[PDB]
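Peer 1: Take this structure first; my questions come after.
Please treat every number below as a calculation from the coordinates, not as lab data. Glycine gets a Cβ as well: all are built from the backbone with ideal geometry, and neighbour counts include every protein chain shown.
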Amino acid sequence: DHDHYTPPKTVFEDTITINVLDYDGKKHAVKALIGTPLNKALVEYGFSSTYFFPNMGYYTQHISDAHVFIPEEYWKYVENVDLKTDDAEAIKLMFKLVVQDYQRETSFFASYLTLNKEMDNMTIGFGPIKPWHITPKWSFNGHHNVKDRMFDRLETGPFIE
Amino acid sequence: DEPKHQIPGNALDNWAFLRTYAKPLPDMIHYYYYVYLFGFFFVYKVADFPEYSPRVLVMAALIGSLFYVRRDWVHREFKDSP
Amino acid sequence: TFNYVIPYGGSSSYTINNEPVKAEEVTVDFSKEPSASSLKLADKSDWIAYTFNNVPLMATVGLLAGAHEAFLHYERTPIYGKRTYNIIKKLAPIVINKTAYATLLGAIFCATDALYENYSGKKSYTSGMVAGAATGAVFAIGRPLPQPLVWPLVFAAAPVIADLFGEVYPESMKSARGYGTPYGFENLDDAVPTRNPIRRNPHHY
Amino acid sequence: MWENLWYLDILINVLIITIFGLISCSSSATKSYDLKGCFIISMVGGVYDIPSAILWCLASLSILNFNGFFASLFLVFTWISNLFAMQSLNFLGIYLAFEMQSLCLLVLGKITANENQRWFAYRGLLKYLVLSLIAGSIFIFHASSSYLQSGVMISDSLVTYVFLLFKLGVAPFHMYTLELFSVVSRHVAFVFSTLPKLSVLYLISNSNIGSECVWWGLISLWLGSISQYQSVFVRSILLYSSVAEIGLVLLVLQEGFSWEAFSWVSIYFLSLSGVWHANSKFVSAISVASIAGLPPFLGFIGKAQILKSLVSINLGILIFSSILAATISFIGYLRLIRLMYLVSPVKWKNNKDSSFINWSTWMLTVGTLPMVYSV
Amino acid sequence: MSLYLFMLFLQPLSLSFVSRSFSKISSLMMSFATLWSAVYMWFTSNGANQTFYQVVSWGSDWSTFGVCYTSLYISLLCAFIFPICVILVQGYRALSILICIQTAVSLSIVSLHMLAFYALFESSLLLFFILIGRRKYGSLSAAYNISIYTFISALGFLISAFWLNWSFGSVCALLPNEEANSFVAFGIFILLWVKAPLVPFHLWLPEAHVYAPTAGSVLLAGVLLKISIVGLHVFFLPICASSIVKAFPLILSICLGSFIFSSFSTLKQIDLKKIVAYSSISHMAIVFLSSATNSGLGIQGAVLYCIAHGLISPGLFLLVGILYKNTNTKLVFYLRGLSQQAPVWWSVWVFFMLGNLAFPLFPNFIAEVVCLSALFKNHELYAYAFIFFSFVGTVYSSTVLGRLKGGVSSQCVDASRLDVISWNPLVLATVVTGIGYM
Amino acid sequence: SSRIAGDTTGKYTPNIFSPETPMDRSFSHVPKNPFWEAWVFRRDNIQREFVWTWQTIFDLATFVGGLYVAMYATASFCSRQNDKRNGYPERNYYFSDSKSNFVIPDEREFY
Amino acid sequence: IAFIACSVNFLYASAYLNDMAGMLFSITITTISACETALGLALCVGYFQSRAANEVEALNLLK
Ligand SMILES: CCCCCCCCCCCCCCCCCC(=O)OC[C@H](COP(=O)([O-])OCC(O)COP(=O)([O-])OC[C@@H](COC(=O)CCCCCCCCCCCCCCCCC)OC(=O)CCCCCCCCCCCCCCCCC)OC(=O)CCCCCCCCCCCCCCCCC
Ligand SMILES: CCCCCCCCCCCCCCCCCC(=O)OC[C@H](COP(=O)([O-])OCC(O)COP(=O)([O-])OC[C@@H](COC(=O)CCCCCCCCCCCCCCCCC)OC(=O)CCCCCCCCCCCCCCCCC)OC(=O)CCCCCCCCCCCCCCCCC
Ligand SMILES: CCCCCCCCCCCCCCCCCC(=O)OC[C@H](COP(=O)([O-])OCC(O)COP(=O)([O-])OC[C@@H](COC(=O)CCCCCCCCCCCCCCCCC)OC(=O)CCCCCCCCCCCCCCCCC)OC(=O)CCCCCCCCCCCCCCCCC
Ligand SMILES: CCCCCCCCCCCCCCCCCC(=O)O[C@@H](COC(=O)CCCCCCCCCCCCCCC)COP(=O)(O)OCC[N+](C)(C)C
Ligand SMILES: CCCCCCCCCCCCCCCCCCCC(=O)O[C@H](COC(=O)CCCCCCCCCCCCCC)COP(=O)(O)OCCN
Ligand SMILES: CCCCCCCCCCCCCCCCCCCC(=O)O[C@H](COC(=O)CCCCCCCCCCCCCC)COP(=O)(O)OCCN
Ligand SMILES: CCCCCCCCCCCCCCCCCCCC(=O)O[C@H](COC(=O)CCCCCCCCCCCCCC)COP(=O)(O)OCCN
Ligand SMILES: CCCCCCCCCCCCCCCCCCCC(=O)O[C@H](COC(=O)CCCCCCCCCCCCCC)COP(=O)(O)OCCN
């Protein structure tokens, strides 16, 4: 009994940087912690509210998702979803209403990928999104010209504008 | 760690199946226009229909419910081919 | 009774009868009687005639379903791109097959219902159950395991639901009035109407 | 000339308030409370009966939450259209009043959209417009054929029934409500999903515009309930609830139960006010419960009036459908309750503008016992 | 009666004005005051008034309240068992929800108007959805189950009440009305079918009980299941006796099937709470059948057995809650050596389990004897069927006790002073009823 | 390494910062098992492994339907015997097709 | 075009029956139709001015 305690690692040790290609085409180095979902890491960095959309699930709209392109090597770390459940209904709805034609075989949602040590120096890109609407407040006209941050939105998710 | 439900299927195969819903989406106005027009004409015609037995009506409702196809179903399976 | 010593409810004498008393002095009816068309369609005497009179409904429902599916397919196809294939050739089977299957199922249901009623000689729930079961059996000819049990049940149940709430319910609750004195209890001193209330004129649409 | 004066007074009142508001337009009073009060006083000159007094109450409550002279003027225009719809005696009154109301909806929807919200709002307004044009054109064409055949314009006809079916939004004529009300402001959707109904119900009840067919209400009840259960978005849940209920109400109103529909519309207005003008979780929960029909709230009385009317007509299919559809709707309302208090931490904007919202919540709680006589 | 109703209305009222730190003390004092008012109502109820001991009306048919034999026993049971629920619950939110649920339930029992009955019983619908679906220890599935089952059954009951109000013109129990309609009987019956769990409409109960707090489970089993017997005696048998006699072979089939299938299902349970829940479902069948016989022996037996269950099931649910607090487990497999480790908890557990098995010195024995006598009055086979299958309850209870009784355990998990205080009233009441002061 | 959290005198304080573990209610919790927890999960979520097979249909119909049929038949027999015993006319039961309207015996009448 | 057709039908009926009701309904159609068109065209212009660069046939919803 009484095995050796493992001291925790410092943040410097557990910070991984990901290169994220934005809509305008600039590359940003997004430092991220291992064990965090990609959506949260992207939100904290300071991307605009236009780059993210609520998860279109019965009870998941509070989460903010993004359309991302993942390199073939990191497909393993994406999370499996049961078709006969409602998580699949969420994903199908987001593909039908947000991604649409801009879909590619590499297209995935940030919430379903969790950052790990093996994802260091990974290059991801924001995938193009079509205009979408849920409520007048929660919508995307199609113009990526607002300079706010998704972090600065306190309201958790859509309900009634 | 906690016990979790087993998900049938491989991760990439399920995601590929989900990605077949990401197709050009038509506007719903086109469907609505036709439904409104035909529905108005249908309501006008319904006043002249013969009186049907309740049993026949219920059976027709059942058949219509069974034969109704959800819009998502056609959307996922639609192929632009012969 | 609201006591623990004697049985609740009551007993009514079978020998003693109460002579019927009219709800009102003058009765004005705003409910029209069944049309001659309704009786003609309802006549199950000749199975072939019964079937041919009642199939229009199934055909219409099949046509609506086929039109729906055909429109969904047509809407997606792109006008801007020229298509090698003919759209009507692709879409016509959808509508035709849906209409044919719906008409066939409704024909089976109507035929079996009329044939059983004639052979039995009585109007009964069983006729609807056996017609539904036969339709559900035809629906589930090649379907996997659960469906052969489920469809004969759902289809058999549907005429039961129609009979219970379309025929038995209204006839069972014809006497209840709602105005004047309760149907059973006319001794009680409640205001007696000269005429029944006419809440609406007989419909004509 | 004296009978004409009653009608003339409303016009004179509206014009003088309009020109006063135009002359006294300043940044210092963007919220023209004085004009809102003048408009409310003006609309008291059109109250002649109990339904007109309900029209006044609802219009005044709606006017309170509109900001600016322009929106309040267009609400007064909506009120005038609604008042004239109740008094319409032939096809011309019906067409004129309803199309004026459609114009007021198009303006109110257009002037309450931000620049960032124009893409979706203007699309939904255009789709509403085109569908309204189909409805109005089919109505007027059939009305012309009827006038030619009969020589007289009589408001007891299938043509008017189908048109008023479109206006109510039952059977397959409910899609305009879904498309338009999803993309517009919450207040505009609330005031135009409740107030217009009263005029149509009054017209139907007074002009004997009823049909023997029960298919349209049965369809609305089932479609609305199933679509409410399958809808991910909360605006769609609320929009489909109105479809289902107005389908049932249509079935009840055809059979002559005018009093119950006029009491229902008032309770539904009060119940919908707090859910639509969401600011507090508790107010929204009490509203959802009232729409659901839970017994401690006034919503129970409103639903009870309709259900009580249904048992009198003694149609079994309607009662069975009603029970199952109500259960399906209840699942959607439970979803709404789950979203607020059982899914995730909820943070909402501090829009502290609860004009009649506290009063409505109080009226929902307290009103059950006074109105128990009805049921 | 007026004092009881006033105290009932004051208990939710008191919370609005308390300091938010005195909430628990005030709630306990209010619960005891409501119990004392119920005792006063019993004192002011003369047996000379055979039909209704007391009837009060406050201006309308809806506000007509009255106490009968069934109502008196159930109201006293609710007032007796509420203090235990109060002490077991902590937090203003929890207290508010519990006090509102109790007020609604206690007002439903004394109501004599079907529409008022519906208004009061179903008011506590969202509160149970929120209580069973609490953030960490609750299940959304159980909340949805209970809520949907209640809504569908109560809506059917409401439709029947509306027809009776339209046809007769009143729906108050005090006005003698009889109906032979089968649709209306079915509408009233479906509520009873669901509320008192009867196969196949019993699925909502076990889920709710497992994921409810101990105060909630105690209230549910103790009195919420009994609300069916008040509806049967007060709102079903007076008006729809003809339909119960017409359908007696079907009623008997469904009740016996419920008793058998529930007993067999209890055998596959590994969770203590699920075992207690399925025992309740099995026990409800005898009460339902006995009342449906429409005989003096049956109505009295059903009410007596209901009181015995309302004294024995809260005890088992309380002991299970205490054990779970001590160990954070409800799996019988993890719990071993409880005899040696908790001699005081074990003694009370064994006593309550003996009570659940209807042994002679327990109220269950007398109640069962009366109910079986009523069944034997109907037919000898009816009684025999129920008597024979009672062994299944013994098999599951014996297996559970044996698994818990012995083994190796390294944890002393015994009741504290607070836990003994909470069960002492239940123990004394069980003993007193067992000796014949029913 | 341990300390007594409870104080009978009433001067109880939670030493959240104590190096030594408090002997609170959590001291007596039983250690769970990875395999037992998965067994519990599998037992509760047994609907996932449900499959409609002929054996399942056979077993369900034979025991559940079979018991229900036996119970209905017995109840019908007992009702028939009681009616014969009491001397009442054949009662109009729900599924019985009887050309008699008798349901509730008249208390005044002597059978 | 459709509204004009209906108004013409009303004018035809008024000539057939020697009645003024159709002429008044027809003037009402002219007024309401013009107001509806003006509002709809305003909405169309506003919709077109807000179009994002990606959108191609914004006006052609039925595509
Ligand atoms: C050329 C133009 C193309 C159009 C063609 C025609 C144009 C219209 C002309 C005239 C239109 C008027 C009449 C048409 C039907 C009225 C509906 C309507 O117009 O609304 C506008 C509607 C669109 O409105 P929307 O609001 O935008 O869409 C809402 C949905 O969420 C849409 O979203 P969704 O589609 O993705 O979701 C669908 C959802 C929507 O839900 C519904 O469809 C609800 C409808 C349910 C019943 C409707 C009332 C029935 C009463 C009929 C009254 C007559 C009979 C009288 C007595 C009957 C008593 C019931 O339902 C489903 O999930 C699929 C299941 C289908 C029904 C579900 C019930 C299953 C029960 C069967 C039990 C068997 C299972 C057992 C085994 C299960 C194992 C556990 O347009 C149409 O759908 C028209 C298409 C016409 C096809 C109808 C097929 C038969 C028609 C008559 C049969 C009656 C049953 C209705 C079935 C489906 C109707 C939708
Ligand atoms: C003070 C005395 C009041 C006692 C009685 C009131 C009657 C005398 C009116 C005296 C005024 C007091 C207002 C109280 C009632 C309002 C009614 C009314 O006024 O007209 C009725 C009265 C004659 O109509 P009627 O008595 O209804 O009978 C006609 C037929 O029987 C046909 O009409 P009907 O519809 O009543 O037919 C009988 C009906 C049976 O109908 C009934 O039984 C009605 C039940 C009463 C319910 C009351 C709630 C209604 C909400 C409206 C609230 C009032 C707003 C006040 C607006 C006007 C303010 C003055 O049978 C039916 O089946 C039809 C269905 C009726 C609707 C169903 C009822 C449900 C309503 C919704 C309840 C749902 C609950 C929601 C929330 C509840 C929470 C507790 O008209 C007048 O006497 C002249 C109107 C003059 C008003 C303004 C003119 C004065 C100022 C002139 C210049 C203004 C500019 C300067 C401004 C000055 C201030 C700055
Ligand atoms: C004259 C001399 C003076 C002597 C005094 C005599 C005066 C007589 C009465 C005056 C007493 C004051 C009345 C209280 C008003 C505010 C009460 C309140 O807000 O509740 C929570 C509040 C606790 O506040 P809090 O902890 O500080 O945090 C609340 C925050 O604001 C927000 O917190 P949150 O966002 O975290 O929400 C969490 C929520 C979890 O979320 C939910 O569960 C939502 C569920 C929706 C409603 C629940 C449905 C079921 C409710 C059944 C009704 C309960 C009684 C059952 C009896 C059956 C009656 C048919 O949990 C709760 O809020 C508490 C759960 C249980 C309380 C629900 C009962 C309240 C019903 C409606 C309240 C009245 C508001 C009217 C508004 C007026 C103007 C705005 O008050 C309480 O202590 C418990 C409720 C007391 C109920 C008595 C109120 C009467 C309602 C019964 C209806 C009968 C008709 C009315 C006639 C009454 C006598 C004439
Ligand atoms: C028997 C009655 C029961 C039946 C019900 C129907 C009958 C109605 C009876 C009572 C009606 C009471 C209506 C309650 C309205 C609540 C008052 C209100 O809305 O005040 C607003 C008024 O807001 C305005 O816009 C003022 C503009 C006009 C002010 C009033 C107009 C007065 C005109 C004369 C009315 C007299 C009637 C004329 C003759 C009958 C103030 O709220 P806000 O400042 O906007 O936000 C509140 C912020 N917070 C609460 C969070 C602090
Ligand atoms: C909600 C009701 C829907 C039924 C639910 C049953 C379970 C669904 C399974 C699908 C099976 C198809 C439906 C069969 C139910 C009918 C009962 C069969 C009894 C039977 O065959 O007798 C018939 C009369 O029963 C009758 O037809 C009238 C009996 C009324 C049905 C039972 C009413 C209460 C059931 C509700 C239980 C719980 C509700 C939850 C669904 C024959 O009569 P006959 O006149 O032809 O005599 C013969 C002279 N040729
Ligand atoms: C003339 C009409 C002809 C007949 C036509 C019939 C057509 C349909 C009628 C069905 C009406 C019954 C309404 C209950 C529907 C079942 C419950 C919905 C299933 C469901 O998934 O609910 C989830 C939880 O529900 C639960 O956990 C509840 C479990 C199941 C409830 C059991 C139902 C109560 C008892 C049933 C009958 C009892 C007596 C009948 C008289 C919540 O889903 P979500 O919130 O995540 O939504 C996300 C979208 N998937
Ligand atoms: C298959 C086994 C049956 C399952 C039920 C088992 C035990 C339930 C007994 C409940 C006790 C009182 C209820 C009264 C009757 C309900 C069921 C009795 C059996 C039954 O279905 O008889 C039917 C008549 O009942 C009717 O016509 C009404 C049937 C119930 C309607 C279903 C849903 C109604 C909901 C309405 C809500 C409120 C409406 C209020 C206006 C047909 O028997 P039959 O006499 O025609 O014999 C012809 C056969 N050859
Ligand atoms: C798809 C769903 C269903 C598919 C599978 C169903 C398979 C089950 C079929 C057999 C089930 C048991 C047999 C009972 C019904 C047999 C035939 C029914 C006809 C009938 O009533 O005959 C009576 C049977 O004896 C009786 O009165 C009952 C004798 C058997 C009861 C005792 C057997 C087991 C005891 C276990 C306890 C169960 C009952 C507890 C009270 C005696 O004829 P009759 O003289 O009454 O004349 C009445 C006019 N036909």
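Peer 1: Helix G:2-17 versus the longest principal axis of chain G: what is the Cα-based angle in degrees, 0 to 90, to the nearest 10?
Peer 2: It works out to around 0 degrees.
Peer 1: Nearest 0.05, what FRET efficiency do C:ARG200 and E:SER170 give at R0 = 41 Å with Cβ-Cβ as r?
Peer 2: Between C:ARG200 and E:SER170 the formula returns 0.95.
Peer 1: If you don't mind, there's one more thing I want to ask. Return the long-range amide H neighbours of A:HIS67 (sequence gap of 5 or more, or a different chain), with a cut-off of under 5 Å between placed amide H atoms.
Peer 2: A:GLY127
Peer 1: Moving on to the next point. Partner chain Cβ atoms within 10 Å, averaged over the residues of D:334-340 - can you pull that number for me?
Peer 2: Per-residue shielding by partner chains comes out at 5.
Peer 1: Turning to a different aspect of this structure: With +1 on each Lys and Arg Cβ and -1 on each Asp and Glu Cβ, and nothing else charged, work out how big the dipole of the protein assembly as shown is about its Cα centre, in Debye to the nearest 20. Walk me through the intermediate numbers first.
Peer 2: Working: 95 positive and 89 negative charges, 483 e Å.
Using only the charged Cβ atoms, the result is roughly 2320 debye.
Peer 1: Take every residue in peptide E:237-245, count the Cβ atoms of other chains within 10 Å of its Cβ, and give the average of those counts.
Peer 2: 5
Peer 1: Between D:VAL366 and G:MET20, how many nm apart are label points set 7 Å from Cα along the C-beta direction?
Peer 2: About 5.3 nm, to one decimal.
Peer 1: Quick one: if the Förster radius is 25 Å, what FRET efficiency do C:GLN147 and F:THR62 give, using the C-beta to C-beta distance and rounding to 0.05?
Peer 2: Details: r = 21 Å, r/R0 = 0.86.
FRET efficiency, C:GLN147 to F:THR62: 0.70.
Peer 1: Mind ranking E:41-54, D:134-147, E:74-87 by how tightly packed they are, going by the mean number of other C-beta atoms within 10 angstrom, highest first? Provide the component values of the computation, followed by the final result.
Peer 2: On the way: E:41-54: 14.0, D:134-147: 22.0, E:74-87: 23.5.
Those peptides, ordered most packed to least, come out E:74-87, D:134-147, E:41-54.
Peer 1: Once label points are set 7 Å from the Cα along Cα→Cβ at both D:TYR48 and B:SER81, what is their separation, rounded to one decimal in nm?
Peer 2: Spacing of the two 7 Å Cα→Cβ label points: 6.8 nm.
Peer 1: Sorted by packing (mean other beta-carbon atoms within 10 Å per residue), highest first, where do F:63-69, D:234-240, C:28-34 land?
Peer 2: Per-residue Cβ counts within 10 Å, averaged per peptide and sorted highest first, yield D:234-240, F:63-69, C:28-34.
Peer 1: Follow-up question, since we're still on this one. If we count every other residue with Cβ under 11 angstrom of A:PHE52's Cβ, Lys/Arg +1 and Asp/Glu -1, where does the sum land?
Peer 2: Neighbour charge sum, excluding A:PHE52 itself: +2.
Peer 1: Moving to a separate point now. Enumerate the calculated ³J(HN,Hα) couplings along the range E:273-284 in order (Karplus 6.51 cos²θ - 1.76 cosθ + 1.60, θ = phi - 60°), each rounded to whole Hz, writing x wherever the residue is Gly or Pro.
Peer 2: Karplus values, whole Hz, x for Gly and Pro: 5, 5, 4, 5, 5, 6, 5, 4, 4, 5, 6, 5.
Peer 1: Would you list which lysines come within 27 Å of E:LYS325, measuring only between C-alpha atoms, while excluding same-chain residues fewer than 8 positions from it?
Peer 2: Within the straight-line limit of under 27 Å, E:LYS325 reaches these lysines: B:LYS4, E:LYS24, E:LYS136, E:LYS268, E:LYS273, E:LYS274, E:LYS405, F:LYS11, F:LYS32.
Peer 1: For every other residue with a beta carbon closer than 12 angstrom to the beta carbon of F:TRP36, add +1 if it is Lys or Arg and -1 if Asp or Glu, then tell me the sum.
Peer 2: Computed value for this residue: +2.
Peer 1: To continue, here is another question. The range C:97-146 to the range C:46-62: how many Å between their Cα centroids?
Peer 2: So the separation of the two Cα centres works out to 13 Å.
Peer 1: Moving to a separate point now. Rounded to the nearest 500, what is the 222 nm mean residue ellipticity of the protein assembly as shown from helices alone, with -39500 (n - 2.57) per DSSP H run of 4+ residues and division by all residues?
Peer 2: The helix-only estimate for the protein assembly as shown comes to -19500 deg cm²/dmol at 222 nm.
Peer 1: Along the charge dipole of the protein assembly as shown, pointing to its positive end and built from +1/-1 on Cβ of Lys, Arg, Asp and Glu, which listed residue (E:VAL431, F:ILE46, E:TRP58) has its Cα farthest out?
Peer 2: Going by the charge dipole, the pick is F:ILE46.
Peer 1: Applying the Karplus parametrisation 6.51 cos²θ - 1.76 cosθ + 1.60 with θ = phi - 60° to the phi angles of the range E:77-90, what ³J(HN,Hα) value in whole Hz is obtained for each residue in order, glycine and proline being reported as x?
Peer 2: Taking θ as phi minus 60°, the curve returns 5, 5, 6, 5, 8, 5, x, 5, 4, 4, 5, 6, 10, 10 Hz for the range E:77-90.
Peer 1: Under the rule of at least 5 residues apart or a separate chain, name every residue whose amide H is placed under 5 Å from the amide H of C:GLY9.
Peer 2: Long-range HN contacts for C:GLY9: none found.
Peer 1: Compute the distance from the alpha-carbon center of the range D:286-364 to that of the range E:1-44, in whole Å.
Peer 2: Measuring centre to centre over Cα atoms gives 31 Å.
Peer 1: Whole-Hz ³J(HN,Hα) for each residue in the range D:13-18, computed from phi via Karplus 6.51 cos²θ - 1.76 cosθ + 1.60 with θ = phi - 60°, x for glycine and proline: what do you get?
Peer 2: Rounded to whole hertz, the list is 4, 5, 5, 5, 5, 4.
Peer 1: In whole angstrom, how far apart do the alpha carbon centroids of the range D:1-20 and the range F:65-105 sit?
Peer 2: Distance between centres, Cα-based: 78 Å.
Peer 1: Using +1 at the Cβ of each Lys and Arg and -1 at the Cβ of each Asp and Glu in chain F, identify which of F:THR8, F:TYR93, F:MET71 lies farthest towards the dipole's positive end.
Peer 2: Final value for the positive-end residue is F:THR8.
Peer 1: Sorted by mean Cβ packing within 10 Å, highest first, what order do the peptides E:117-128, G:34-45, D:332-343, E:279-290 take? Write out the running numbers ahead of the final one.
Peer 2: Details: E:117-128: 23.3, G:34-45: 14.8, D:332-343: 20.3, E:279-290: 26.2.
Ranked by mean Cβ neighbours within 10 Å, highest first: E:279-290, E:117-128, D:332-343, G:34-45.
Peer 1: While we're looking at this one, here's another question. Taking amide H positions as placed 1.01 Å from N in the peptide plane, with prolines and chain starts having none, which residues 5 or more places from F:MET23, or on another chain, fall under 5 Å of its amide H?
Peer 2: Those qualifying (amide H under 5 Å, at least 5 residues apart or on another chain) are F:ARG3, F:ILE4, F:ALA5.
Peer 1: Placing +1 at every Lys and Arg Cβ and -1 at every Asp and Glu Cβ, with all other atoms neutral, what dipole size does chain D have around its Cα centre, in debye to the nearest 20?
Peer 2: 1360 debye
Peer 1: Using Cα atoms only, what is the angle between the long axis of helix G:21-49 and the major principal axis of chain G, expressed in degrees (0 to 90) to the nearest 10?
Peer 2: Taking the Cα atoms of chain G, the angle to G:21-49 is about 0 degrees.
Peer 1: In peptide A:43-50, what is the residue-averaged number of other protein chain Cβ atoms found within 10 Å of each Cβ?
Peer 2: 0
Peer 1: What nm value, rounded to one decimal, do you get for the distance between A:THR36 and E:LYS377 when each label is placed 7 Å out toward the C-beta?
Peer 2: 7.5 nm
Peer 1: Output the 0 to 90 degree angle, nearest 10, between the alpha-carbon long axis of helix C:125-139 and the longest principal axis computed from the alpha carbons of chain C.
Peer 2: Helix C:125-139 sits at roughly 20 degrees to that axis.
Peer 1: For A:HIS143, put the label point 7 Å out on the Cα→Cβ axis and report which residues of the range D:118-158 keep their amide N under 18 Å from it.
Peer 2: D:118-124
Peer 1: Pick out which of D:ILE267, D:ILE12, D:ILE357 has the largest mean-square fluctuation in a Gaussian network model of chain D, springs linking Cα atoms closer than 10 Å.
Peer 2: Of D:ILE267, D:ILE12, D:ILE357, the most mobile in the Gaussian network model is D:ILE12.
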